[PDB]
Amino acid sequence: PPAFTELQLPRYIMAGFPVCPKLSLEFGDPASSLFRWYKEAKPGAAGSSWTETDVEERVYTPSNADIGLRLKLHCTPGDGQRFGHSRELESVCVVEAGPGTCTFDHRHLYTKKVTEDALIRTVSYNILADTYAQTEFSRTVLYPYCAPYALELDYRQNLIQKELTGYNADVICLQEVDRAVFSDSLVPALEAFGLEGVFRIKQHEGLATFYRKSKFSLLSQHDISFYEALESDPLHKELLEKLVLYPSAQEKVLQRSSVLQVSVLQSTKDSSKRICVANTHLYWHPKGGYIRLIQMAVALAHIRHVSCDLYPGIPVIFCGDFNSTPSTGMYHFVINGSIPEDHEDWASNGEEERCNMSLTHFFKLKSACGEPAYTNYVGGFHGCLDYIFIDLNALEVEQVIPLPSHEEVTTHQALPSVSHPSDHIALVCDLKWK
């Protein structure tokens, strides 16, 4: 019979922030299920009396009038033929006041609705993993300017849920996703808004890609670890051969845990349209320029194999936190299709790990959101590290959702803040099929 295997509410509920219940449904569908939201009839009624709201949807966004009230969700699982046993769940917390403003509030004016069939609204966002943000070092050395409550996972997830669902996007590529964030925050929020997701963890965090089901279906997945592909896959034998005279650089590349997530999607709107969506988080060290070049060379060879060998020539979207600014060898290589043997990034970490080589690729990739002043803004550092790279053979930029202003970014010195849930800024752009 239709039954909710998991039924959970968030612990932190804020006025103006969507309440996205976790509902794992067996033998049924949410479109076939019944939802009704209630609010406490009066503050402090200890849940003795409940007032029906007019909200019959899975998601409820409390108003300022609900501050001080608990909420209750009634849900009846259904499969389109019959209902299962009804369930009810009350919030343990009362609705609280949320932040006055968020950096994404103005950005949401550019993403008012789900886009037409000819477009692909694409997001790339490093959402700052709680595995790193939870530490004393993050709170006192990295982000001392941030209100400690605003670093806490439950607070940041509320903002990230509002931010991402507010973009009404089609393809969402995320980095620094914790295992529990994927299953308890992103999957319930994004599935309520019509997106399905896949997760590729490294150790305690990793990559996620979400896609809008009304526009896409997932065909296949081709995720890799760069070290595994480079050392063991004969596809990368020529690059491994270039690294034979540089054993110190080769050992440092092969130590890295960096992964590449690859998902091939099929348009539910045009039968002839498939797209290869790649997502990554490259090695982070400031002196790791040569490592990022080699990781990018593996990534592009892997994506070429998936998109042109496994599939008979499909276009590509490559999102990620590339930990590379536009002045680097890695960025030049992506945009120009080659990098010379004498590039200074081949000795980015000194002579011992020097690995001068010539690399070439035949993709025609454009940074969809261009080269912002920065996509990462913290105390002591800022830089453009994130990109949405698009295949110019098949895609064009319809619009770029502007990044928050510098005044918005610096209201609480830097990021994250009470108004911005990550140390990175989400990239959002509308792409058009050519």
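For every residue, the number given is its place in the sequence shown, counted from 1.
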### Query
Which has the higher mean CA temperature factor in the PDB entry, 2 to 10 or 424 to 432?
2 to 10
### Query
Which has the higher mean CA temperature factor in the PDB entry, 197 to 205 or 341 to 349?
341 to 349
### Query
Of 400, 41, 392, 67, which one's C-alpha B factor is largest in the deposited record?
41
### Query
When you compare the CA B-factors of 181, 293, 92, 109 as listed in the entry, which one comes out on top?
92
### Query
Lowest, middle or highest third: where is residue 329 by Cα B-factor in its chain?
middle
## Note on the structure
Temperature factor at the Cα of residue 223, chain-ranked in thirds, falls in the lowest
### Query
By the record's CA B-factor, is residue 231 among the lowest, middle or highest third of residues in the chain?
highest
### Task
Would you mind checking where the Cα B-factor of residue 52 ranks among the modelled residues of its chain, as the lowest, middle or highest third?
middle
### Message
Quick check on the deposited entry: does the C-alpha B-factor of residue 166 sit in the lowest, middle or highest third of its chain?
### Response
lowest
